[PDB]
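S.K.: Below you will find the structure I want to go over with you.
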Amino acid sequence: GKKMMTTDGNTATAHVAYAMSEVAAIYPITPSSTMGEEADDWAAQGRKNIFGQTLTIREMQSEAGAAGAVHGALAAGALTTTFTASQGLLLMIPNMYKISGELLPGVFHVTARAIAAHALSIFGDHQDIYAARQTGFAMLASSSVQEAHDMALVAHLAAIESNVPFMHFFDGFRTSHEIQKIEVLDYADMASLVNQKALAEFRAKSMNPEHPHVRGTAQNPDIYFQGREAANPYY
Amino acid sequence: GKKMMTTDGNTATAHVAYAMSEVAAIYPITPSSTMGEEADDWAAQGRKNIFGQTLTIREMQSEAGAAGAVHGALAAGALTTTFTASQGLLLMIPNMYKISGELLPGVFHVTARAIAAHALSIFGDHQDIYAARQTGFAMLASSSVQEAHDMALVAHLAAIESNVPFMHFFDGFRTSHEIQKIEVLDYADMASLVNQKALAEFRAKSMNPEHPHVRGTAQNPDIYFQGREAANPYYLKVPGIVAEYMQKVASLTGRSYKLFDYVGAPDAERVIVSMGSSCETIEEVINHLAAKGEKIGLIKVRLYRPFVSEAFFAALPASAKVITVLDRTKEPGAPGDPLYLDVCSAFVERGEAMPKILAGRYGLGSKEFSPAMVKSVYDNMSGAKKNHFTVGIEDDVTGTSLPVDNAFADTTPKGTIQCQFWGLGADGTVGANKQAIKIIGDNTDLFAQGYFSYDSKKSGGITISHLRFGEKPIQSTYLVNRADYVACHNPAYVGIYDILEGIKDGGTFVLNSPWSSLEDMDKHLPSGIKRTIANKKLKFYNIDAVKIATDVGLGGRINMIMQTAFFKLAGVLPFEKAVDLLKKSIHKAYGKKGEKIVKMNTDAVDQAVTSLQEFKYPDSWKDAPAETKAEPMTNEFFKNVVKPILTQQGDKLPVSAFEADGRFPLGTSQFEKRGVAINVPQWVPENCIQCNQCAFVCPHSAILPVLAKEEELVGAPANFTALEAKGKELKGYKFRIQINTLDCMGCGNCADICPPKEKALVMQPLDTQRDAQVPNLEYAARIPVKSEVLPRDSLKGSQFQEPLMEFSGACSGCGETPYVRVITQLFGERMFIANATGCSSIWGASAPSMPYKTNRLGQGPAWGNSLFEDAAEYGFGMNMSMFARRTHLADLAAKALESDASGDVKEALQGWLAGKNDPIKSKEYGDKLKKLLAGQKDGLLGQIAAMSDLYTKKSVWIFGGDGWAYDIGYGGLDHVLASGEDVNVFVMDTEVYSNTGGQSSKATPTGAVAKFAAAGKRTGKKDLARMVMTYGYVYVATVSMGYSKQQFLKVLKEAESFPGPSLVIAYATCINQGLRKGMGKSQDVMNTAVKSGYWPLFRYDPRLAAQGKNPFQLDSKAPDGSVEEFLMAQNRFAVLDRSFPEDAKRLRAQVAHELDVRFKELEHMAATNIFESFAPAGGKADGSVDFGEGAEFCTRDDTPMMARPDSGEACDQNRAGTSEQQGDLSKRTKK
Amino acid sequence: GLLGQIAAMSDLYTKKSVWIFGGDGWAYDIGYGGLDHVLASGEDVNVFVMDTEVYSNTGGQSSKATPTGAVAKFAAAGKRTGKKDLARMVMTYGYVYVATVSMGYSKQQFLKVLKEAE
Amino acid sequence: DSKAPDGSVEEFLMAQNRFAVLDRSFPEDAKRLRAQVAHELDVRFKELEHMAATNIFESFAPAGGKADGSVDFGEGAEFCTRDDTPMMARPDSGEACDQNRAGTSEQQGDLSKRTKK
Amino acid sequence: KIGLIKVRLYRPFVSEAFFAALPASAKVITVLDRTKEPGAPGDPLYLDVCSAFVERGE
Ligand SMILES: CC(=O)c1sc(CCOP(=O)(O)OP(=O)(O)O)c(C)[n+]1Cc1cnc(C)nc1N
Ligand code: SF4
Ligand code: SF4
Ligand code: SF4
Ligand SMILES: [Ca+2]
Ligand SMILES: [Mg+2]
Ligand SMILES: [Mg+2]
């Protein structure tokens, strides 16, 4: 069922992202750090996701490391998420082109924060999400703490069904750190919305030496353009 | 002054960048590498910039380290530059925001190249530059080689005066590698335009402790937005600064530019807006069509950022009714591509006339953008007016493409001669064409262009050269499609490629072949070529170039003969002048080792001119009958996709032929059978000792050891000689070494290594072996591989296993591939491979050729290339999935044990759970579960049954070269090994970045010559192995196949079975190292690298320490004194000895000292009793604790950064002193 | 002329001391590949690492510099891998000056290190 | 510059919450982990002790030489040092060379000696 | 007489869904961006909304 709770945007979204993922690769960066920390706490504590399992979470050396790990977990058929922002999100850009280019159901939760230009700022704006608008991720904004729970959940459900990765984002500090009384969904309600066939087909197409494929080929001018437009139907 | 020069776009822009910069931080990436390499050559040659100094250049570990260095040099008051592209530009983005944020005069020169998404491409488009459009750099595009020079100069000048950094860009390959005759300015001329006041103010505002400031502050919400908008006035002045420098440069060159320039009919009704090399081709087509009355035009964009609408409108005819904006990129899901969106915003802002605006996409990954395509775009604006289209592809899935009519007329200027040359790699064809462009350009008033198309095949590849010569400027930024002259320099191509496609009626065709007679020519020339030669009235010429070169002593080398054919027959120069200039150059270049080599060559020309007579073909050719198709059985995939791509037809494949995510099946290489070897090994069974060493060493899997029982040999050909197998385990078995003569690359390692002094393998010409060995290979391939007879990890038994990586596009003799092939014979059926970009990804997966394959059971390596920098992290990620999913399976198995599942099912589940991390037990029990739960679709057992591809323990491998492991990917490599998880890392150390062209890496050794270490590297090789042995819990080993196949196999087994991280570093020989006797000596060189002590072999095994034994074990011996001959037998060391003998002797001496000290260190290591103990894991359990729980003082500060949902409780913040000072004070005050 | 150019470069006359400062999250993790490269270059730069054995500013996250058994974020039941030995990795080059300090142990050893390193 | 471990590690660790909080919540794991730390430092110090006792050392030179002049790694090589790809193509590449498809120097020589004519 | 269009799905940007939310009476619209792209002819959401209107052709 539904349940009331007073919480911030970061934890309203972590609530959903924990439920909907099997793997998370993390790296600290303000104001998104709370999500990774809550997920790691909850994992250490035995909380179960919609599969009855605890999240497999590891901290990398950088957000570039984190995005590469996310890419590999997705490519090998695990539902995966990450939490980031700002300079951290810019380091994930190269792997975001690969993750969308490979039609993988990844979900990035970002606390939109300013990029360091004349000065650094830990504070909220869309400079960082707009820097990734051409990577091919779908981008879904939440404008309030309550919307952060709901859109997190839509982005996870939509990524599994569409095989297009999503970036769910909400304002750094102004939503991530505002506390409100909202309603959240139990994990069993979330599980009931998953497209089980789309999930089973994501596992079946993933990397496995029992039924292998080659991904990440290098292409000449003869076929690269055709190859890039082949995803159109998915978008 | 002004100087004429035939160069490419990379070198036209480095010319300027060297002049205008004091510092350059560099990193190699195709197609920009050339610029950094020329800057280094010029700095070593003694070239001075405008300050009279040599450029200060340093190579970093990645483009991120390059951008950070550029930032610091700029902040510290030096004019700095960098050269990059694609993935590399993306790594610079974070620092681009800082460089522009701090208003520093930096200039980046980028060769615009595709970003890797469904696939990697090194080819040209604007996907990279547009990803950086919001960084705040000014963005100035050049559209031709000449413009690359001119815009590079405006960019530097404008950068210095405006304090806004510039990105100058030009198309990857289509402009960067096109060669053109252009004009360049002297450095003194460039210097004279520099704003000396602005340069002085740049120096005075820079970082310096004698007048310091603080830069890079952190700002709250109170002031950040004001701070961000304080640079607006600088951004408002840049367009005018650019415009002014365009006029000043023009006053020196006579080449005028505007922010946006217009070309075409002044009253045009249909206008294209475009940027980069496409503009040249569009202009060419406009000149053609507008003279016919078409009301068309083009707006060229030069300054893309800042985007000035008033300058765009200054270029737009008022009569324009329709406008199509072309973008060279794809932003999936956006409402339009960037240029189109900028143009729409100009018209909405204007708020007046709205002339129909269409968006079109073209040229991704250097796809041709030809005149017929431009015609289509203009035809669309008068016809259908299709919006958001694509051009250059057939999009049968979403219907976005425009139909292209290739019957369109040739639009090159009157007078232009267009030539195509079909070459076979290393035949010297490309070299001769380049020399021919130099000779003609330098001795005539003609404009000259060359562009070369290369294969992805590294050896025996096909090259096609596209040359144009004209009296008018050559704007033809597309391949030649209607040639005047076509030359086929390799006879074997005649029956495989469409050599004469597009040749003009009555054009000339020269063939290199020995088919001098009409009976010879009638036997080898396809009926299709006779058809065309006769129906098009071509001037056909046949020359037996190999015969002429052998006769005059040029040893069979045909380049000078074919060069003579061009000069004599291509019509760009009259006979006497051409033949004169040719002979003049054989003096200019050459004269190196005597007048014998100059005479060798001049005679070749003389005989060639004599022999170059028209071939007289009968009329019957006009109707030569079609042939048959002795085509072999292939795949539905090889037939419908790969063969078409291999035969240069990939462009015709519609979007519906490809998977949306870019995947390819395994095993497509099985059908290539290229047969490009000159010589191949012949087996001599009477000498064969049956060791299987030859098959173990082959870099292409071209040796198949056959082990058959007599009944399997019943349907074999008579010459299928087999021996009786030696060995106990083998007995009624027949043994045969079968050569694969069409997949052999002719390196010679196998016969070099064949143990018997009376060799069992002898190199012979291909042609003497194919007719017997091809059918033998085809029969041998149907014989079952006897993988169960000998231990899989034994030398001989390893070669009775199925190799799962065969026939790759690696070079003949490559020192990487032998290793990966045997790794697949040991673990291929259960492996995951995260491959770094490098040679290994290029020979590993260049479409359409896939060398990894499945076994007979359909099992084989799941292989992926993510990026160059993240391979260890991508591999780690695959491990994390396997951890989570196999843990989920274990959890279900435990649940099923507490259910009413049958006893058989519970027994298997119990055995599976007990051995799930064991390869043998998890497959044993998983195979029982596969049987027992077959068909099960409901409940728990149904869930377990659908996870059967997870039952057998997987083996995650991370493969990559030394540039990856020691430089760009080191940080991620080190983190992943420190993780303690079960992944296996195999580094092919070629001691250089090989694929990109031989640049120095931190793995390059002292004294080795490489790009960026052109006087011999002056820092020793980084000791990755000893750095990672400091962890204590990582298995580390070094291997060298030529030294011991035995130690290699042992290392593979020990590394893979280690239940923690493993690192294995292999010595890999490469063409870039210049092996003097040939790559066929690679195994011997690998042996000597170990005997000399240069590459000592060892294994560090933490499970020995866990049992109180020393984990360090030395597997090779003390240096034997042969280093010097090891070094001098490779050109990377020997070139230095020849040119800087003083330096070279000292550097080889240094290497001798380094290896001597490092062997002695490895010896005390193997003698120590002090060792870091081992524990795979154990502990943890359920529950967490925060570091701050129950602390006596606050553990978090008063900032927004440490604030958390549960923080804010009162605590002692250390402002009242220590616990003890506080209690003392209390005792002292009391009351 | 020449003398006016030289005079205009007076802020360059005294030899400068270039220092790179950062914490352990920087040096052991995210900026390690860059630090290793820069040290390997053999140029005259000085790096000073303030090891707090955690990412401090962000909230106390574990880094490769966190030791075994320490509680930190992402090491909520005590860190189960040992501290990375950055000092012994960089000593493998042989041409990099490497030193460790602890002010409360010895002020004198700290001052000698700074003089020798610089 | 410092001396052998004096035995106070336990006191040291337990004086800081980052270790003491583990001891209060997972006492069994904590006492193992604190003992592991004491082992690690014991072993590391012995390692630093033989380093300080060794006579096998990496010598030193700050720099010296180079000068003007450079050479390409493929200059004068007996066989091709570049492949047939677009990635190694350079302005001056394209000359004919032995691409390793006919075997080693000795193999081609011996083969010539077997054919002639 | 005022209103607001709240963007939820920024990418893929669907013009038909944006127009579904725009009142036929709107005479002036201001597109607010929470970013700055120095030198650009406008910020991203503004450019996207300009393209929806040019394409609509009304
Ligand atoms: C194909 C391409 O884009 C590769 S090929 C690789 C050369 C690899 O060297 P290594 O020693 O690791 O491997 P080797 O070739 O076996 O010697 C480089 C430098 N890159 C260029 C490059 C540069 N920088 C970044 C971020 N991405 C890429 N892809
Ligand atoms: S290496 Fe020589 S002796 Fe050994 S199996 Fe091969 S052909 Fe026979
Ligand atoms: S010559 Fe080279 S490619 Fe051919 S079979 Fe021998 S080792 Fe393999
Ligand atoms: S590693 Fe060297 S020999 Fe092997 S494919 Fe690459 S360039 Fe060729
Ligand atoms: Ca292992
Ligand atoms: Mg390499
Ligand atoms: Mg710290």
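Scheme for the structure tokens: letters A, B, ... for chains in order shown; per-chain residue numbers from 1; ligand numbers from 1 in order shown.
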If DSSP is run on the backbone, what residues of region 6-112 of chain C are helix (DSSP H, G or I)? A reply as a ChimeraX atom specification would be ideal.

M.R.: /C:6-7,10-12,24-30,32-40,86-90,107-112

S.K.: Which parts of region 858-1017 of chain B does DSSP call strand (DSSP E or B) when run on the backbone here, written out as a count of residues only?

M.R.: 21

S.K.: Excluding same-chain residues fewer than 6 positions from residue 71 (chain C), what lies within 7 Å of it counting only C-alpha atoms, as a ChimeraX atom specification?

M.R.: /B:1187 /C:77-79 /D:18-19,22

S.K.: Which residues of chain D are close to chain A, meaning at most 12 Å apart when you count only C-alpha atoms, and how do they look as a tab-separated table (two decimals) with N, CA and C atoms, in the first residue's frame?

M.R.:
```tsv
chain	number	residue	atom	x	y	z
D	85	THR	N	46.56	0.41	-41.77
D	85	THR	CA	45.31	1.03	-41.30
D	85	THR	C	45.27	2.52	-41.44
D	86	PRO	N	44.08	3.12	-41.30
D	86	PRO	CA	43.96	4.57	-41.23
D	86	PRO	C	44.52	5.15	-39.96
D	87	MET	N	44.69	4.36	-38.87
D	87	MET	CA	45.14	4.92	-37.59
D	87	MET	C	46.66	5.16	-37.53
```

S.K.: Check every protein, DNA and RNA residue against ligand 3, keep those with an atom at most 7 Å away (counting only C-alpha atoms and all ligand atoms), and present them as an mmCIF file with N, CA, C and O atoms, in the first residue's frame.

M.R.:
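The result, written out as pocket-v1.cif:
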```
data_model
loop_
_atom_site.group_PDB
_atom_site.id
_atom_site.type_symbol
_atom_site.label_atom_id
_atom_site.label_comp_id
_atom_site.auth_asym_id
_atom_site.auth_seq_id
_atom_site.Cartn_x
_atom_site.Cartn_y
_atom_site.Cartn_z
ATOM 1 N N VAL B 680 53.939 -19.984 -46.849
ATOM 2 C CA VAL B 680 53.261 -20.604 -45.689
ATOM 3 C C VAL B 680 54.070 -21.830 -45.327
ATOM 4 O O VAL B 680 54.825 -22.327 -46.183
ATOM 5 N N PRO B 681 53.936 -22.365 -44.132
ATOM 6 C CA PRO B 681 54.654 -23.569 -43.745
ATOM 7 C C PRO B 681 54.092 -24.815 -44.451
ATOM 8 O O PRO B 681 52.903 -24.868 -44.739
ATOM 9 N N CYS B 694 54.065 -25.689 -32.610
ATOM 10 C CA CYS B 694 53.767 -24.818 -33.745
ATOM 11 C C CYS B 694 52.351 -24.261 -33.667
ATOM 12 O O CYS B 694 52.137 -23.093 -34.034
ATOM 13 N N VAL B 697 51.986 -21.485 -30.898
ATOM 14 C CA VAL B 697 52.552 -20.160 -31.210
ATOM 15 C C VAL B 697 51.857 -19.321 -32.243
ATOM 16 O O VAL B 697 52.220 -18.131 -32.431
ATOM 17 N N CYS B 698 50.981 -19.853 -33.080
ATOM 18 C CA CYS B 698 50.490 -19.135 -34.254
ATOM 19 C C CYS B 698 49.605 -17.955 -33.898
ATOM 20 O O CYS B 698 48.663 -18.187 -33.139
ATOM 21 N N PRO B 699 49.913 -16.780 -34.408
ATOM 22 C CA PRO B 699 49.150 -15.571 -34.107
ATOM 23 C C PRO B 699 47.819 -15.545 -34.837
ATOM 24 O O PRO B 699 47.094 -14.573 -34.656
ATOM 25 N N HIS B 700 47.505 -16.547 -35.660
ATOM 26 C CA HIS B 700 46.226 -16.531 -36.372
ATOM 27 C C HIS B 700 45.442 -17.823 -36.315
ATOM 28 O O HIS B 700 44.355 -17.955 -36.902
ATOM 29 N N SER B 701 45.885 -18.836 -35.567
ATOM 30 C CA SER B 701 45.163 -20.100 -35.451
ATOM 31 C C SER B 701 45.197 -20.881 -36.761
ATOM 32 O O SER B 701 44.279 -21.692 -37.008
ATOM 33 N N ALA B 702 46.242 -20.615 -37.568
ATOM 34 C CA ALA B 702 46.337 -21.245 -38.866
ATOM 35 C C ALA B 702 46.955 -22.645 -38.808
ATOM 36 O O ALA B 702 47.193 -23.173 -39.901
ATOM 37 N N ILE B 703 47.219 -23.191 -37.651
ATOM 38 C CA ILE B 703 47.732 -24.561 -37.567
ATOM 39 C C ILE B 703 46.690 -25.351 -36.779
ATOM 40 O O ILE B 703 46.414 -25.011 -35.628
ATOM 41 N N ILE B 739 48.148 -27.565 -41.967
ATOM 42 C CA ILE B 739 48.259 -26.130 -42.198
ATOM 43 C C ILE B 739 46.997 -25.583 -42.862
ATOM 44 O O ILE B 739 46.507 -26.059 -43.895
ATOM 45 N N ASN B 740 46.597 -24.419 -42.333
ATOM 46 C CA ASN B 740 45.485 -23.642 -42.894
ATOM 47 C C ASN B 740 46.139 -22.596 -43.781
ATOM 48 O O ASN B 740 46.533 -21.530 -43.282
ATOM 49 N N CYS B 744 46.721 -18.511 -42.945
ATOM 50 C CA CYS B 744 48.113 -18.242 -42.563
ATOM 51 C C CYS B 744 48.497 -16.830 -43.017
ATOM 52 O O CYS B 744 47.985 -16.426 -44.080
ATOM 53 N N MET B 745 49.315 -16.151 -42.213
ATOM 54 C CA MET B 745 49.693 -14.788 -42.577
ATOM 55 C C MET B 745 51.158 -14.766 -43.012
ATOM 56 O O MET B 745 51.608 -13.708 -43.447
ATOM 57 N N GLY B 746 51.846 -15.897 -42.987
ATOM 58 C CA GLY B 746 53.196 -16.021 -43.515
ATOM 59 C C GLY B 746 54.297 -15.471 -42.645
ATOM 60 O O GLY B 746 55.446 -15.330 -43.102
ATOM 61 N N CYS B 747 54.023 -15.319 -41.331
ATOM 62 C CA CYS B 747 55.036 -14.753 -40.435
ATOM 63 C C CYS B 747 56.273 -15.614 -40.251
ATOM 64 O O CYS B 747 57.382 -15.085 -40.103
ATOM 65 N N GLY B 748 56.078 -16.936 -40.203
ATOM 66 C CA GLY B 748 57.167 -17.853 -39.988
ATOM 67 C C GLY B 748 57.496 -18.224 -38.553
ATOM 68 O O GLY B 748 58.472 -18.993 -38.409
ATOM 69 N N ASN B 749 56.739 -17.861 -37.511
ATOM 70 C CA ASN B 749 57.098 -18.237 -36.136
ATOM 71 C C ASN B 749 57.121 -19.736 -35.849
ATOM 72 O O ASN B 749 57.952 -20.303 -35.115
ATOM 73 N N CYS B 750 56.146 -20.419 -36.440
ATOM 74 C CA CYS B 750 55.980 -21.851 -36.282
ATOM 75 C C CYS B 750 57.198 -22.621 -36.805
ATOM 76 O O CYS B 750 57.721 -23.429 -36.039
ATOM 77 N N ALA B 751 57.645 -22.332 -38.003
ATOM 78 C CA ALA B 751 58.808 -23.058 -38.541
ATOM 79 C C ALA B 751 60.086 -22.558 -37.891
ATOM 80 O O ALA B 751 61.091 -23.277 -37.791
ATOM 81 N N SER B 812 50.701 -9.903 -39.453
ATOM 82 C CA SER B 812 51.421 -11.164 -39.435
ATOM 83 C C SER B 812 52.476 -11.142 -38.329
ATOM 84 O O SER B 812 53.244 -10.195 -38.282
ATOM 85 N N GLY B 813 52.467 -12.156 -37.475
ATOM 86 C CA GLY B 813 53.478 -12.337 -36.473
ATOM 87 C C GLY B 813 53.192 -11.616 -35.153
ATOM 88 O O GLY B 813 54.034 -11.687 -34.267
ATOM 89 N N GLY B 1080 58.504 -13.190 -37.486
ATOM 90 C CA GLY B 1080 58.674 -14.628 -37.400
ATOM 91 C C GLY B 1080 59.716 -15.022 -36.357
ATOM 92 O O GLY B 1080 59.813 -16.177 -35.945
ATOM 93 N N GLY D 103 57.659 -14.673 -44.357
ATOM 94 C CA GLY D 103 58.535 -15.307 -43.393
ATOM 95 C C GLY D 103 59.753 -14.500 -43.043
ATOM 96 O O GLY D 103 60.030 -13.391 -43.503
#
```

S.K.: As a PyMOL selection string, could you give me every residue of chain B near chain E (at most 8 Å apart, counting only C-alpha atoms)?

M.R.: chain B and resi 133-136+138+232+235+305-309+332-336+341-342+344-346+348+357

S.K.: List the spatial neighbours of residue 106 (chain D) as a list in words - criterion: any atom at most 12 Å away, only C-alpha atoms, same-chain residues fewer than 4 positions off excluded.

M.R.: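 Everything that qualifies: residues 747, 748, 749, 751, 752, 762, 763, 1076, 1077, 1078, 1079, 1080 and 1081 of chain B; 102, 110, 111, 112 and 113 of chain D.
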
S.K.: Mind writing the picked residues with N, CA and C atoms as a compact mmCIF listing (two decimals), in the first residue's frame?

M.R.:
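Contents of the output file out_11.txt:
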```
# COMPACT_ATOMS: atom_id res chain seq x y z
N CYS B 747 54.02 -15.32 -41.33
CA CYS B 747 55.04 -14.75 -40.43
C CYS B 747 56.27 -15.61 -40.25
N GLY B 748 56.08 -16.94 -40.20
CA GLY B 748 57.17 -17.85 -39.99
C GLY B 748 57.50 -18.22 -38.55
N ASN B 749 56.74 -17.86 -37.51
CA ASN B 749 57.10 -18.24 -36.14
C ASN B 749 57.12 -19.74 -35.85
N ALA B 751 57.64 -22.33 -38.00
CA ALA B 751 58.81 -23.06 -38.54
C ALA B 751 60.09 -22.56 -37.89
N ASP B 752 60.07 -21.33 -37.37
CA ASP B 752 61.21 -20.82 -36.65
C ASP B 752 61.40 -21.62 -35.36
N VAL B 762 58.51 -26.21 -43.21
CA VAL B 762 59.36 -25.43 -44.11
C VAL B 762 58.51 -24.43 -44.86
N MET B 763 58.89 -23.15 -44.87
CA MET B 763 58.16 -22.11 -45.56
C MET B 763 58.29 -22.34 -47.07
N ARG B 1076 64.40 -6.91 -36.36
CA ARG B 1076 65.27 -6.89 -37.54
C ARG B 1076 65.21 -8.07 -38.49
N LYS B 1077 64.95 -9.26 -38.00
CA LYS B 1077 64.90 -10.46 -38.82
C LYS B 1077 63.46 -10.84 -39.18
N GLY B 1078 62.50 -10.04 -38.72
CA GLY B 1078 61.08 -10.30 -39.03
C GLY B 1078 60.30 -10.74 -37.79
N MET B 1079 58.98 -10.55 -37.83
CA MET B 1079 58.08 -10.90 -36.75
C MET B 1079 58.03 -12.41 -36.53
N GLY B 1080 58.50 -13.19 -37.49
CA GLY B 1080 58.67 -14.63 -37.40
C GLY B 1080 59.72 -15.02 -36.36
N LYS B 1081 60.52 -14.07 -35.89
CA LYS B 1081 61.45 -14.25 -34.78
C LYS B 1081 60.85 -13.85 -33.43
N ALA D 102 56.08 -13.16 -45.82
CA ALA D 102 56.90 -14.12 -46.59
C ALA D 102 57.86 -14.85 -45.67
N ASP D 110 66.96 -18.88 -47.32
CA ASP D 110 67.00 -20.33 -47.51
C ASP D 110 66.06 -20.75 -48.62
N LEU D 111 64.92 -20.07 -48.72
CA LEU D 111 63.94 -20.37 -49.77
C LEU D 111 64.51 -19.97 -51.13
N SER D 112 65.23 -18.85 -51.15
CA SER D 112 65.85 -18.40 -52.41
C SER D 112 66.91 -19.38 -52.89
N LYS D 113 67.69 -19.85 -51.93
CA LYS D 113 68.75 -20.82 -52.09
C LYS D 113 68.20 -22.18 -52.50
```

S.K.: Find the residues of chain D in contact range of chain B, meaning any atom within 6 Å when counting only C-alpha atoms, and list them as a VMD selection string.

M.R.: chain D and resid 17 to 18 68 to 71 73 77 to 78 81 83 to 88 94 to 97 100 to 105

S.K.: Give the residues of chain A that lie within 12 Å of chain E; count only C-alpha atoms, and format the answer as a PyMOL selection string.

M.R.: chain A and resi 112-115+117+123-144+147-148+150-152+154-155+158+164-172+232+234-235

S.K.: Ligand 1: which residues are within 6 Å, counting only C-alpha atoms and all ligand atoms, as a list in words?

M.R.: residues 28, 29, 87, 88, 837, 838, 839, 840, 868, 960, 961, 962, 963, 964, 990, 992, 993, 994, 995 and 996 of chain B

S.K.: Enumerate residues in contact with ligand 7: an atom-to-atom distance of at most 12 Å, counting only C-alpha atoms and all ligand atoms. Format the result as a VMD selection string.

M.R.: chain C and resid 21 to 30 49 to 66 72

S.K.: Could you list, as number ranges by chain, all protein and nucleic acid residues with an atom at most 8 Å from ligand 2, counting only C-alpha atoms and all ligand atoms?

M.R.: B: 683-685, 687-695, 705, 737, 750-751, 753-756, 759-761

S.K.: I need the chain C residues near chain D as a list in words; criterion: at most 9 Å, counting only C-alpha atoms.

M.R.: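 Per the criterion, chain C yields residues 42, 67, 68, 69, 70, 71, 72, 76, 77, 78, 79, 80, 82, 92, 93, 94, 95, 105 and 109 of chain C.
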
S.K.: Which neighbours of region 367-384 of chain B fall inside 7 Å, counting only C-alpha atoms, when residues of the same chain fewer than 2 positions from it are skipped, and could you give them as a ChimeraX atom specification?

M.R.: /A:221-222,225 /B:270,278,281-282,285,322,362-365,386,391-392,402-406,408,478

S.K.: Let me see if you get this right: every residue at most 6 Å from ligand 5, counting only C-alpha atoms and all ligand atoms, written as a count of residues only.

M.R.: 11

S.K.: Do you know which residues are at most 9 Å from residue 97 (chain C) counting only C-alpha atoms, after dropping those on the same chain fewer than 4 positions away, and could you put them as a ChimeraX atom specification?

M.R.: /C:90-91,116-117

S.K.: Hey, can you spit out that residue selection with C-alpha atoms as a JSON list (two decimals), in the first residue's frame?

M.R.:
```json
[["chain", "number", "residue", "atom", "x", "y", "z"],
["C", 90, "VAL", "CA", 55.89, 5.54, -5.70],
["C", 91, "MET", "CA", 59.21, 4.34, -4.31],
["C", 116, "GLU", "CA", 64.74, 17.93, 1.41],
["C", 117, "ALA", "CA", 61.58, 17.42, -0.69]]
```

S.K.: Would you pick out the contacts of region 23-35 of chain A at 7 Å or less, using only C-alpha atoms, so that residues sharing its chain but fewer than 4 positions from it are not included, and give the list as a VMD selection string?

M.R.: (chain A and resid 10 to 11 14 39 55 to 60 62 to 63 66 69 to 70 78 to 85 88 110 to 111 122 172 to 173) or (chain B and resid 881 1201 1204) or (chain C and resid 58)

S.K.: Have a look at B:174, B:466, B:258, B:928 and name the one nearest to residue 487 (chain B); count only C-alpha atoms.

M.R.: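 Closest to residue 487 (chain B), using only C-alpha atoms: B:466.
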